[PDB]
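What the sequence shown shows, in our numbering, is residues 319 to 675, in sequence order.
Yeah, the Cβ is synthetic: ideal placement off N, Cα and C, and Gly gets one too.
Heads up: the structure comes next, in structure tokens.
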Amino acid sequence: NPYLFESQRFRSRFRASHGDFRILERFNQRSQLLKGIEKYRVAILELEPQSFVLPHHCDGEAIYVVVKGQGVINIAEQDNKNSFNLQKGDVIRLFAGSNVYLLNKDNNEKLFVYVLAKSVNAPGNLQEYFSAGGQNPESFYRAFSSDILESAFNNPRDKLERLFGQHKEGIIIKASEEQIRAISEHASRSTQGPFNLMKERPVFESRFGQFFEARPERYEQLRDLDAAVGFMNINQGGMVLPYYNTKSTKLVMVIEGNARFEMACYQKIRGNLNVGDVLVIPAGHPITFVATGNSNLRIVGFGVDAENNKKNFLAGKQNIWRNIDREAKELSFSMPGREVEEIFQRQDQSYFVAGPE
Ligand SMILES: O=C(O)c1ccccc1O
């Protein structure tokens with residue numbers, strides 16, 4: 319499967335000492351049929367307890383989704399400052415060129431952030447510009463002549479030289495309570511910000527699973543990217559009835575449990591998905607997920623071209639076939655209509671059912 323990007327294809331970019339930040343492969347290079355998502359790049363940013371990513375800004379519109387833990391983020395713009403703290407499931411939209419720094423304010427729990435970002439300069443070409451740092455990573459402030467910086471900051475080429483250079487530790491370093499308590503107090507708000515993935519009722523739900531989806535049609539933050547952050551919660555031993563998306567290519571990744579998937583291309587692409595593995599579900603392709611293991615099945619994913627995207631189910635009480643009449647069913651499968659109608663209808667459940675034990 320060219321759609322299957324295992325967790326091992328996440329390329330850790332910078333020398334990150336405490337935790338690390340990993341960029342997944344370009345979707346188009348592995349097999350040039352994933353070119354609708356060629357401008358899109360997915361990443362996974364990982365923060366150990368009491369860590370801290372140096373303030374930077376990416377060229378490209380981003381979307382942070384918190385998968386594990388909690389922490390504090392700070393978005394800095396030319397004439398605007400905002401400090402939010404996030405829990406599990408919180409989605410927040412990062413705009414291009416905006417400066418950002420994170421921190422794991424938890425002393426035992428770890429910080430996992432599932433990240434989406436679309437290019438703006440060259441299709442897929444994504445770069446992080448670090449205003450902080452020293453030698454690791456370089457600070458773009460060291461790409462300017464000393465007399466330029468000396469004339470910009472009004473400072474001799476000594477204090478600036480010792481400032482932007484004297485810094486050894488990587489992107490993610492350790493923070494301390496005297497720093498955190500102040501940082502988290504800037505974040506402490508009263509009475510755009512983040513929104514949890516369960517801010518809504520499940521778009522679809524059964525006694526065996528739930529599906530939450532943040533949509534551009536509701537959340538303004540998502541209208542620019544035309545992206546939807548759906549979250550699919552399958553219960554132990556359960557499954558999603560085979561369905562397909564109308565126009566949205568999804569970039570889905572397992573965050574809890576082991577998922578067994580099958581999908582039509584019609585080549586039958588099958589596989590197993592562990593936590594951290596990425597699967598791409600292009601638009602129109604049917605697919606099903608099954609919880610395989612003692613654990614549950616929680617699995618999150620971004621969706622591009624999200625506006626007006628529906629889900630059409632191919633089985634269950636509410637599938638597309640009820641909206642196809644009897645005679646068309648006869649011509650379709652070359653059997654009596656009341657006979658195939660009694661095949662499609664003897665599943666009383668609609669979206670999530672019991673997977674094969
Ligand atoms: O197929 C989807 O639309 C989807 C969206 C978000 C998470 C998991 C998913 O399968």
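Of the listed residues the options, nearest to residue i (C-alpha basis)
i	options	result
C583	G602, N473, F413 and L467	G602
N398	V618, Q510 and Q368	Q510
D377	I661, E659, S502 and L444	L444
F631	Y562, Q665 and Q667	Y562
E495	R333, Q368 and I642	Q368
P373	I393, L363, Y382 and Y358	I393
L540	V390, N626, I501 and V572	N626
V572	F607, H504 and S464	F607
Exposure label - residue i; buried when at least 16 CB within 10 Å
i	result
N422	buried
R411	buried
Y584	exposed
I661	exposed
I466	exposed
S508	exposed
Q528	buried
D338	buried
Length of the line joining the Cα atoms of residue i and residue j
i	j	result
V547	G387	18 Å
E468	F448	20 Å
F471	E479	12 Å
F530	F328	26 Å
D666	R525	12 Å
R536	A440	30 Å
residue 681	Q347	Because the chain here runs from 319 to 675, residue 681 falls outside it and cannot be looked at.
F651	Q663	16 Å
residue 688	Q453	The chain is shown only over 319 to 675; residue 688 falls outside these bounds and no answer can be derived.
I355	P600	9 Å
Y382	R359	12 Å
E427	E645	58 Å
Nearest-angstrom Cβ-Cβ length linking residue i and residue j, presumed shorter than 8 Å
i	j	result
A609	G634	Actually they do not touch by this definition, with Cβ atoms about 17 Å apart.
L404	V384	5 Å
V558	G619	About 12 Å; that fails the 8 Å criterion.
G589	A672	In fact, because the Cβ distance is near 21 Å, the residues do not count as touching under 8 Å.
residue 683	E379	The requested residue 683 does not occur in the structure, where the chain is confined to residues 319 to 675.
Residues that DSSP places opposite residue i in a beta bridge
i	result
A672	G556
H375	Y447
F430	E364 and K386
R480	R480 is not bridged to any residue.
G452	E456
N563	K629
Chain-ordered residues, beta carbon under 7 Å from a heavy atom of ligand 2 | Annotation note on ligand 2: not contained in the displayed structure, which lists ligand 1 as its ligands.
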